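Before any questions on binding or motion, here is one chain by itself as structure tokens, the form deposited in one PDB entry.
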């Protein structure tokens, strides 16, 4: 990589505090990024993903249109070792940011949500990742698509930063890491993808929000 600390202190912290959206290119390098790509493609090829989000439910069921496919990855599974390394590297970054990302104190994360857009013209509608205060404060996405050309293949992640009249368009480029605030500051969508598009997402939890979300959404026997 490039030292997690240099990346965090000189780019990720100031850019997150200023814009709420931060892009790091060439995060792990070609050899590691390619190993991750190999692992994700292996998962896909061996059937570990779901069939995909039901986008249009037709009268017939062979005609149904399915979109983003997913699998949850802990990073310790056999054949997911390098995914685990990515997750450790994301954690290292976040660790070096803590106390500096807004007023958040990050104390945990989800497992990795690995997504595959099959390349059938499906995307992902505009949404907010954490609209209801469930404790997720930062979304972290790693992209693995070598030689992606959005003009040909689509698949741009378009973010609609609150209060600004502008789009932030992020191509799902190989070895690119994206951070953005998970709440309503950053509604976003994925534009239709016409080639197979892979991404690995982790969400980091703010300790306080997560603690009260547990109060909100809920046990010991008497």
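Residue numbers count along the first chain shown, from 1. Shifts are known only where both forms have a C-alpha. By rigid core we mean the largest C-alpha set that fits within 1.5 Å across both forms.
Although not depicted, the form solved in complex with a partner chain is the subject of the following passage.
Remark: residue 81 does not count among the residues lining its partner chain in the deposited bound form, judged by a heavy atom distance of 4.5 Å or less. In the deposited bound form, its partner chain sits within 4.5 Å of a heavy atom of residue 95.
A residue is said to contact a partner when one of its heavy atoms sits within 4.5 Å of a partner heavy atom; residue 141 fails this definition for its partner chain in the deposited bound form, lying far away. Shown alone here, residue 205 lies within 4.5 Å of its partner chain in the deposited bound form, counting heavy atoms only. Taking the core as fixed, the only part between this form and the one not shown where three or more residues in a row have CA shifts of 2 Å or more is 214-216.
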